[PDB]
Amino acid sequence: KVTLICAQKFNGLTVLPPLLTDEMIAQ
Amino acid sequence: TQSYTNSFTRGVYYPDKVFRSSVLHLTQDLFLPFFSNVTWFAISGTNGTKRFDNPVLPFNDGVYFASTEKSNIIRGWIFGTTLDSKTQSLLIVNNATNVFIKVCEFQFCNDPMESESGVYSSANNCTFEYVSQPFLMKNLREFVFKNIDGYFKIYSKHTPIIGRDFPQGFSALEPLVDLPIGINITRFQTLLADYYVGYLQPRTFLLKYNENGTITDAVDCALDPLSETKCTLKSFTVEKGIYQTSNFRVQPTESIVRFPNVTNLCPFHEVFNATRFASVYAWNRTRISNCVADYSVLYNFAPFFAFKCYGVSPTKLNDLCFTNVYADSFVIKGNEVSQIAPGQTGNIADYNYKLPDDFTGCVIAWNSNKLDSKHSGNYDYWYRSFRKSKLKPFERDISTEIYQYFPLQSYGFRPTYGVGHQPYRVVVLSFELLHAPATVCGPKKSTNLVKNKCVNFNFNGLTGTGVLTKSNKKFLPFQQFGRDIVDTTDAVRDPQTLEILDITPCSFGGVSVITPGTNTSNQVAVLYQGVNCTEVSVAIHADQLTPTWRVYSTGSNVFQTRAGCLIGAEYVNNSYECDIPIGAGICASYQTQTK
Amino acid sequence: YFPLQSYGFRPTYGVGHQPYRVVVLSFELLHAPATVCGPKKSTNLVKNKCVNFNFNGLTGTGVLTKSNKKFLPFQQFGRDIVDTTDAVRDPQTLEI
Amino acid sequence: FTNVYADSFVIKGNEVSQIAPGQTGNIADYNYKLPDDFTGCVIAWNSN
Amino acid sequence: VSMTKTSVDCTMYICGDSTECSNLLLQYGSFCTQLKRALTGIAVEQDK
Amino acid sequence: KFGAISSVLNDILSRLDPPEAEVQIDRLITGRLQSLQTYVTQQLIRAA
Ligand SMILES: *[C@@H]1O[C@H](CO)[C@@H](O[C@@H]2O[C@H](CO)[C@@H](O)[C@H](O)[C@H]2NC(C)=O)[C@H](O)[C@H]1NC(C)=O
Ligand SMILES: *[C@@H]1O[C@H](CO)[C@@H](O)[C@H](O)[C@H]1NC(C)=O
Ligand SMILES: *[C@@H]1O[C@H](CO)[C@@H](O)[C@H](O)[C@H]1NC(C)=O
Ligand SMILES: *[C@@H]1O[C@H](CO)[C@@H](O)[C@H](O)[C@H]1NC(C)=O
Ligand SMILES: *[C@@H]1O[C@H](CO)[C@@H](O)[C@H](O)[C@H]1NC(C)=O
Ligand SMILES: *[C@@H]1O[C@H](CO)[C@@H](O)[C@H](O)[C@H]1NC(C)=O
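Just so you know, the sequences run in chain order A, B, C, D, E and F.
Read in order, the letters of the first sequence are residues 825 to 827, 849 to 872 in PDB author numbering.
Read in order, the letters of the second sequence are residues 25 to 65, 69 to 139, 153 to 177, 187 to 210, 212 to 243, 264 to 474, 489 to 679 in PDB author numbering.
Just add 488 to wherever you are in the third sequence, counting from 1, and you've got PDB author numbering.
Just add 391 to wherever you are in the fourth sequence, counting from 1, and you've got PDB author numbering.
Just add 728 to wherever you are in the fifth sequence, counting from 1, and you've got PDB author numbering.
Just add 968 to wherever you are in the sixth sequence, counting from 1, and you've got PDB author numbering.
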């Protein structure tokens, strides 16, 4: 219900992944 | 070029006159990079112990010189350009009682067994002489020769090294002398009757000061990711963890220029070199289109009284493209030349011709008295003393009305009037610039179109950097550019082939350094964020990656993560508690492996 | 084309053409590191008081005391961890 | 001052206003250019 | 529980691929550093 | 544009000499730096 090429916002703005993956949180 | 060695933590000097105590000072100056190559000169290089001559070396943004010596065979240096008496040169010589520094128009005569002689006997038009205690005095006799802001800055240090020809220790050079010469110093030569020559480059160093005003250590911020981390934190000790220290970009390898293949030249000749000129109140407006806007012709036609541009630089008109080149040709009194400009108040601005304030263009004035000044004069002149209201920008009133006073005057000027009254021909070129939508462009040599590479491009005046690819966008025949959701240009149409090209930004991301801590190991790993390891490996092989340091990057130490490409760590299938986080489930740690 | 022209001017030309002698004085200012200074009447050195001072063009207010800092003969100024001037060398006595 | 330099020359009066930082013209481009980050003084006196 | 972790290249946002702009940016002091630390602290906090 | 002739640094550097470009660039630097300060401040509030 809720919605590596930097296709969008390639103006020095990046997004870092979380340390724990969705699988680790599920675990 | 007899041999090459590596400088080790050497060539650091005090960059300024400021005393510092127990601080770490991060500074940018010209320094010898750490572990750089230096040329080792095999006495006298090409020359032997006692031979006729030796070659002249480059002086590239300052030179580091060193030589461990007790015999004082090296007794001076010469700095200059041609070194043939046609240009002034600087001679520093040591006679072991005093050092003599002179600047004169010297002639090189191959100036250097069982013989000593005077040197540089031809020394014409001498302008500078200085005398001081000797520079030279196992002893390294280290010197740095820098020539900036007019001054020739000489720094030096002497050290007691018994067991090493090139010591592995660290010391900073102290300023020795700083002379106000103002000489170019493209190249230099050492005068003999063994030595190392390195060259300085712009670099940032973190300098460690002692309790006293002395430098005891330094780190070169561009040598290695660990040094970059140390500079980022301004510490010589780095704790365990992951730090963001710099960004990386892939640089363009080549530049491409694409303009329409138009061979028609713009009629600047007819406009400037006109048989007849417009009257003051009624300027003659023409339009320049579908041609090459070559502006060197204006400089070829005449020396100018003034060539003043407001929205553009006069140098760069041959690089820019234009959408509306208009030319307003007229003759005015010289004293009015300074009044035709945006924002001016006066009789010409208000009653004859007004410019807008948001004006892009150039105003070019040239005294025309040789043709237009006569005792009867040129009767094209029609100045408007009075106008019922102020004139609007670019408005022209051809009709003449008599005020209820005859506003228009037709007077020729005599060659005997002061130049402020004599006629000048003036051309105003109006240049509307609308993001490269048009065919008028200054002369440039077109190149080939290069796709699937990070390149610089110039498309009809649109300048940028990116990766060009075949587009699948459906442009209408009319449309020439595409933009995404954020008004960033992402597509162009090639001006010669009309091909639609997509612009993808060149790879860029953060760089993180994973350090076990400097109290354990100086080995580090580098994470290139948001990039494929293939793209990074290609950028390394092509020498495109912005940071100048390289990680060893051998087989099986390159690992692809969701965070980015990790180079300098071996991925294993044995899980452990997270130590240094990387991201997306992946952590790194310094461990004992295989033994 | 001969780029250089040697023409003398007659006293009958308009003043816009008559010669003027022009001198351009270039003044690099680098925080008082030098011996060239306009005429000023030197005063005595006053220590252990809050005074105004002008040291070779360096202007400020503070309390001057004997320094225990070890400057090299070359060094003339000291600064702390925040690039604030905290030491000078007296231009006449060379005292820190 | 650290670098008092004196450039001595004679020019036409109409060029006096052109020897200044940021100016465009024949004297600035072909005879002598000043830097834009210029600290100093320009003194002119009619020598007729 | 968590927020999207962002990172901003201050120089590339303000002065993207422009040396002249970067050199002018240097005259404002360490603003890019303060912003970089603030965003790094946020990024760490979200994992915490 | 924040008062600049153009929002694109490449066009300012392509069209103007450094001494005028510095003014236009400083207008763009001021605008972009304030935009980053606003973004970081609101990210800190959201992070809290
Ligand atoms: C700083 O310079 C001084 C003087 O050259 C060095 O010498 C020592 O200074 C301390 C000052 O309290 C004295 O107590 C010692 O007896 C001095 N030693 C000698 C051998 O004279 C001092 O060592 C220098 N600082 C450092 C860190 O070396
Ligand atoms: C350095 O020497 C070269 C020799 O060809 C000369 O062309 C150049 O102009 C010199 N440097 C300067 C700043 O004049
Ligand atoms: C450039 O030359 C090609 C030759 O085939 C031609 O098709 C094209 O129209 C030319 N470009 C322009 C802008 O005229
Ligand atoms: C350009 O100037 C020369 C001067 O000798 C003249 O002969 C020529 O006719 C001029 N061209 C035009 C188009 O008037
Ligand atoms: C004015 O410009 C037009 C452009 O076609 C030209 O034909 C005409 O001769 C010009 N007249 C004068 C007086 O410059
Ligand atoms: C890197 O590129 C290759 C193809 O060149 C692709 O198969 C791989 O999945 C890519 N890796 C990432 C992390 O995007």
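All C-beta atoms, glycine included, are put in the ideal place defined by N, C-alpha and C.
The DSSP-derived three-state label of E:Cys-749 is helix. For the pair B:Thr-108 and B:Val-90, the Cα-to-Cα distance works out to about 15 Å. The straight-line gap separating the alpha-carbon atoms of B:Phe-32 and B:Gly-667 is approximately 37 Å. The CB of D:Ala-435 comes closer than 7 Å to the CB of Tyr-508, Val-510 in chain C, given here in chain order. If you draw a straight line from the Cα of B:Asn-125 to the Cα of D:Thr-393, it is about 26 Å long.
The Cβ atoms of B:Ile-119 and B:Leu-242 do not sit closer than 8 Å to each other.
The count of Cβ pairs closer than 8 Å, one atom from the segment 533-542 of chain C and one from the segment 736-756 of chain E, stays below three, leaving the stretches out of contact. The count of Cβ pairs closer than 8 Å, one atom from the segment 278-296 of chain B and one from the segment 47-54 of chain B, reaches three, so the stretches are in contact. What D:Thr-415 touches in chain B, judged by beta-carbon distance under 7 Å, is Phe-377, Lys-378, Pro-384, going in chain order. The Cβ atoms of E:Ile-742 and F:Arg-1000 sit closer than 8 Å to each other. The Cβ of E:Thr-747 sits no closer than 8 Å to any Cβ of chain B.
Between B:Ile-584 and B:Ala-575, the gap from beta carbon to beta carbon is short of 8 Å. Look at B:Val-615: its C-beta is under 8 Å from a C-beta on chain A.
Positions of the beta strand (DSSP E) runs, each at least 3 residues long and wholly inside the segment 323-391 of chain B, are given as 325-328, 354-358, 376-379 in order along the chain. Taking E:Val-736 as reference, the option from E:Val-772, E:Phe-759, E:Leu-767 with the minimal CA-CA separation is E:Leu-767.
Assigned with DSSP and collapsed to three states, B:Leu-189 falls in coil, not helix or strand. Short note on B:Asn-616: C-beta closer than 7 Å to some heavy atom of ligand 6. Under the three-pair Cβ rule at 8 Å, the segment 391-408 of chain B counts as touching the segment 509-527 of chain B. The beta carbon of B:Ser-399 sits closer than 7 Å to at least one heavy atom of ligand 5.
For D:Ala-435, the enclosing beta strand (DSSP E) covers residues 431-437.
One finds nothing in chain E with a Cβ atom closer than 8 Å to the Cβ of B:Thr-323; even the nearest lies about 15 Å away. Counting the other CB atoms within 10 Å of its CB gives B:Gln-218 a total below 16, which places it among the exposed residues. Those residues whose C-beta sits under 6 Å from the nearest heavy atom of ligand 3 are, from N- to C-terminal order along the chain, B:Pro-330, B:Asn-331, B:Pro-579, B:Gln-580. With a 10 Å radius around the Cβ and a threshold of 16 neighbouring Cβ atoms, B:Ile-402 comes out buried. The three-state reading of DSSP puts D:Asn-422 in coil, since its state is none of H, G, I, E or B. For the segment 578-616 of chain B, the full-length beta strand (DSSP E) segments reaching 3 residues or more read 584-588, 592-599, 609-613 along the chain. It is roughly 45 Å from the alpha-carbon of B:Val-622 to the alpha-carbon of B:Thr-208.
DSSP lists B:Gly-667 as the beta-bridge partner residues of B:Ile-670.
Here the alpha carbons of B:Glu-406 and D:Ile-418 stand approximately 21 Å from one another.
At a C-beta separation below 9 Å, E:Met-731 has these neighbours in chain F: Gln-1011, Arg-1014, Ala-1015.
Within its own chain, the residues whose Cβ lies closer than 7 Å to the Cβ of B:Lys-310, once the five positions on either side in sequence are excluded, are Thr-599, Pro-600, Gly-601, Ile-664, listed in chain order. In the structure shown, B:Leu-546 falls within a strand segment according to DSSP collapsed to helix, strand and coil.
The criterion of a C-beta distance shorter than 8 Å is satisfied by B:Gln-628 and B:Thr-323. Not a single heavy atom of ligand 6 lies less than 7 Å from the C-beta of F:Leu-977. Its chain contains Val-320, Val-615, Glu-619 as the residues whose beta carbon lies nearer than 6 Å to that of B:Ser-591, once the 5 sequence neighbours on both sides are disregarded; these appear in chain order.
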